[PDB]
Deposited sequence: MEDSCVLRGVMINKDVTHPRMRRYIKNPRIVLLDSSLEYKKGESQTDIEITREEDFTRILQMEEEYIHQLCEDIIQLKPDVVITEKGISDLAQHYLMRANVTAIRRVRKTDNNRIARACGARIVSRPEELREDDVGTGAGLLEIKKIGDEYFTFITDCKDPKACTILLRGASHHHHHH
């Protein structure tokens, strides 16, 4: 048989890797978007410094995948994508919880509060394949059997 977690989601951008072995997973419950004289150029600069430092905080932990319960701005997607990091957004709180237990990650809010132990490594394979008309993400091969349910 097969064990792990299966969620009805796909990467945020097509270029991102849909197949990753021994994934370093990072779970979030916060949003990766921005919110809150030529104000335009000015607003673009404020937004960019935010997202940049948010992404830098995440990247500083060299993760393979970054999953969040909220959304991910297009700018953020590109920065993560530019660090070879796969991103999944709007993941159900429940699913996000199942993934946490399966790979041993700890869901965090602001990236800057991450530690090495927060990053989950109990999952040995992240494969996003297409079934029917929808895409599904599969997190399987758990360093701990019980830590994962049967699929």
query	finding
Missing stretches, numbered from 1 on the deposited chain sequence and kept in order	1-5, 42-52, 168-178
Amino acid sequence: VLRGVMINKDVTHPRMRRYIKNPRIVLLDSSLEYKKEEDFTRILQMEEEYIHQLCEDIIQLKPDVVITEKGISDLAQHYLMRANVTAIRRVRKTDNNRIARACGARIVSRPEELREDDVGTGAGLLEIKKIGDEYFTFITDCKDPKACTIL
From here on, numbers count along this sequence of modelled residues.
item	value
Selected stretch [higher average CA B-factor]: 37-45 or 59-67	37-45
For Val11, the third of its chain into which the C-alpha B factor falls	lowest
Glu113, C-alpha B-factor rank within chain (lowest, middle or highest third)	highest
Chain third (lowest, middle, highest) by recorded CA B-factor, residue given as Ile128	middle
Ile25, C-alpha B-factor rank within chain (lowest, middle or highest third)	lowest
Within-chain third of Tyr19 by Cα B-factor, per the entry	lowest
